[PDB]
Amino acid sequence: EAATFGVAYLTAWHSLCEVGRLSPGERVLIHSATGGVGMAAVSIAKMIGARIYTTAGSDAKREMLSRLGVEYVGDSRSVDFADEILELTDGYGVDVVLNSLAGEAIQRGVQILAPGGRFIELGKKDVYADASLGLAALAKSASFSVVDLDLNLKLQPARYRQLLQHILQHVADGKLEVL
């Protein structure tokens, strides 16, 4: 779904760069990638030079993604992306997941983390309140972090005003192309 430019970019940069430590060559899975946050995430991932794996909910959205030159475009309405990506990666998986999918997608996305992997949950507390995670799934230096941008902005508005200026400098100096 849509998000304003400031929400989309703050969410995607805090999630991929600060929490997710995304670095060149790493494999990132961005669910719902045609949405506001998803496209900010694909724009940032391209700046960093990560390998980009995506999903979306319609043929037309998926077609828009195949045109961006990414490694993988799967269906956000199914959990088939997990096996598809393991197949594609010869068992590696991905280094960071930026998740906005509900239910089985959370467990499957945690399952396909590589060693050192970072799972970032953007869903509302609703989505995972009942859910539990087995800590054995994080043992190979992996992590699970929730990002609630509304809360973060409420608690640290100065820090996020500064981060927005930082991100926009990258736009102004041509480092970050807004897609």
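Don't overthink the numbering: it's just position in the shown sequence, from 1.
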property: Per the entry, higher mean C-alpha B factor between 124-132 and 25-33; result: 124-132
property: Average Cα temperature factor in the PDB entry - higher stretch of 68-76, 105-113; result: 68-76
property: Top residue by Cα temperature factor, when 51, 140, 62, 118 are compared in the entry; result: 62
property: Cα B factor band for residue 171 (lowest, middle or highest third within the chain); result: middle
property: Residue 10 - which third its CA temperature factor falls in, relative to the rest of the chain; result: highest
property: Record-listed C-alpha B factor of residue 100: chain third; result: middle
